[PDB]
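# Structural features, examined
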Amino acid sequence: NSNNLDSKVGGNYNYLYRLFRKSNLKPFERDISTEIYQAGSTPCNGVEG
Amino acid sequence: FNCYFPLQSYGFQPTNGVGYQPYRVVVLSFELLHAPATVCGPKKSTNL
Amino acid sequence: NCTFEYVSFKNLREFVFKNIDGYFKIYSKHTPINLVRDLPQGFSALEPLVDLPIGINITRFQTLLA
Amino acid sequence: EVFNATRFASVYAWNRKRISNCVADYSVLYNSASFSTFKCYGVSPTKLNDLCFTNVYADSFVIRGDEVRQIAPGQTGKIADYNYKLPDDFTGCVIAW
Amino acid sequence: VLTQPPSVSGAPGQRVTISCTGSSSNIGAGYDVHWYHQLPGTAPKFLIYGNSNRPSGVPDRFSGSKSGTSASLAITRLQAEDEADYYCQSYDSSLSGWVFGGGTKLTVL
Amino acid sequence: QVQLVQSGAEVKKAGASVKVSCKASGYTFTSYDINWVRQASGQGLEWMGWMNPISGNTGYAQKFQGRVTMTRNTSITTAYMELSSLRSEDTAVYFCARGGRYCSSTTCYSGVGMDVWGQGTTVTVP
């Protein structure tokens, strides 16, 4: 029970998690890949959309 | 007077305003109940 | 209020109607007989032609005699 | 006979049914050049080559479309206010072209 | 960029419509079109996003639809209480992310 | 829970540069697609830049290309649109933008700036 220590009073912003991936992950592997997730149809050359 | 026809006139005219431009709409509504269904679509069929 | 649409002694015609799982069945089978006194001996098995299991809860029907 | 028909009914006189016994496709309303707008919200845009329904449309009619921005779900205007009320419990998808 | 009637006049009454015209690659994917409410004296809080859906601040007078090569709106009476410039923000895909339009100012008399 | 503050009215010269900040802090920035749209005096609004507040995914305007640099400070939840190489024709009134669309969905919806930043002008007069 730890609400008090890893929580900034102005907001703790340094903890990330992955919400989009083309495949489910494996037990006890480490994925460091930062490739942009493909959702729609057309690809990006580093742009949004 | 004050007891009018059931229908009121629009304009069947191609020269009317921008709101009176012809774009047809037909609505297809979907309903699925506990009763089983019949519009089942066959998957693409390859040769035997 | 319609719910479906489909287009398909001397005579013996048999009909059966059953009510499971939400569709509309039709059973039909006709066969010629040559007998007037009693039931002929033999086994004819009715096959539903329009087989789509009903499921409607109906506890009352009426016959249509010749 | 359903989509290339001649003359429309009233707007309030429709068929209380859904399509039946068919290879549902979603393909023509996207690829045909006659069609422009087709927005399905609660159903996936390609999801009829496995989806399936019960009763049967025979909605065979065509009408003038000079009421574009008022023939849509959740709208007010000169058409769907009296003589035909859009329901609170509408469920389906709309074509516009 | 995208053409539309830029300046109007109005008093309360019965419905009046607007468009915003783009090209096929602009109007085909630009169904995210919406109109920046820049009222006089406030930030451009647009009060219309994704056509028919809204934040708080406007009634259900305004309508959202797409009209062929035109991104269209329908007021119930462009009138004398609605002084506001609009724009049209179409998601243009292969082009820039979104290029705006002529800038119809909803205004008063 | 949206707070948006820009700079003040200024005055600059041609050939210079301004390292302008566009500052907010105190809600979940990750859920929103932060845009950057400017305006002009008596003229319409035009969009320049975009922001994904995680790892600083970068995209530039074609009109102001080669003179734009985009940077962010995720440590203090801050985004920059550094307007480099200020010009003589820079006399206008520019804005930031922000999104409020919940971009945990796959669709590229329009950013919901139901608040827009305050006020700024990079005017260059002699």
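Determination of this PDB entry was carried out by cryo-EM to a resolution of 4.0 Å, according to the record.

## Points about the overall build of chain A
The helix and strand tally for chain A stands at zero helices and zero strands. The dimensions of chain A, computed from C-alpha atoms along their principal axes, are 45 × 30 × 15 Å. By the burial criterion, 4% of the 49 residues in chain A qualify as buried. Element-wise, carbon and sulfur atoms account for 51% of the exposed surface of chain A, whose accessible area totals about 5000 Å². For chain A, the separation between the mean place of its 6 positive charges and that of its 5 negative charges on side chains is 3 Å.

## A look at the sheet that holds strand β2 (residues 93-96) of chain D
Neighbouring strands of a sheet are bound in pairs by backbone hydrogen bonds; such pairs are parallel or else antiparallel. In space, the three strands of this open sheet follow the order β1(B)-β2(D)-β1(D), with antiparallel pairing throughout. At either margin of the open sheet sits one strand with a lone partner, and together these are β1 (27-28) of chain B together with β1 (37-39) of chain D. Direction of pairing for β1(D) relative to β2(D): antiparallel, over a ladder of three bridges. Each residue of the ladder has a partner; that of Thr37(D), found in β2(D), is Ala96(D).

## Side note on the interface of chain B and chain D
Counting from both sides, the interface comprises 28 residues of chain B and, opposite them, 37 residues of chain D. Between chain B and chain D, the buried area comes to about 3400 Å², and carbon and sulfur atoms account for 57% of it. Of all residues in chain B, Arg24(B), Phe30(B) and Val39(B) bury the most surface against chain D, accounting for 25% of the area lost on that side. Seen at the junction of chain B and chain D, the total is zero salt bridges.

## Regarding the environment of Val108(E)
Secondary-structure assignment places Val108(E) in the segment after β7 (105-106). Expressed as a C-alpha distance, the spacing of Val108(E) and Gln38(E), which sit 70 residues apart in the sequence, is 14 Å.

## Describing the state of the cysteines
On inspection of all chains with the given rule, the structure shows four disulfides over all chains. One disulfide in the model links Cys40(B) with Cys52(D); its S-S distance is 2.0 Å. Here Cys40(B) and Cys52(D) share a disulfide; its torsion about the S-S bond, -100°, makes the bridge left-handed. Within this pair, whereas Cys40(B) is found in the segment after β1, its partner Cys52(D) is found in the loop between β1 and β2, the two belonging to separate chains.

## Re the arrangement of the chains
Here the protein chains form eight pairs of chains in contact, of which the pair with the most contacts is chains B and D. Nowhere do chain A and chain D come into contact; their C-alpha atoms are at least 13 Å apart. Between chain B and chain F there is no contact; the minimum C-alpha to C-alpha separation amounts to 24 Å.

The rules behind these values
- Residues numbered from 1 in each chain as written, not as in the entry; some residues may be left out.
- Chains lettered and ligands numbered in written order.
- Part of a larger assembly, values for the part shown.
- Heavy atoms only, no water.
- Helix = DSSP H or I, 4+ residues; strand = E, 2+ residues; numbered from the N terminus.
- Buried < 20%, exposed > 50% of the residue type's maximum accessible area, 1.4 Å probe, protein only.
- Areas by Shrake-Rupley, 256 points an atom, 1.4 Å probe, with all protein chains shown as cover.
- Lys, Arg positive; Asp, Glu negative; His and termini not counted.
- Charge placed at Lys NZ, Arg CZ, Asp CG, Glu CD.
- Pairing = 2+ DSSP bridges.
- Contact = heavy atoms within 4.5 Å.
- Buried area = accessible area lost by both parts, 1.4 Å probe.
- Salt bridge = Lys/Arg side-chain N within 4 Å of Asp/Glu carboxyl O.
- Disulfide = S-S within 2.5 Å.

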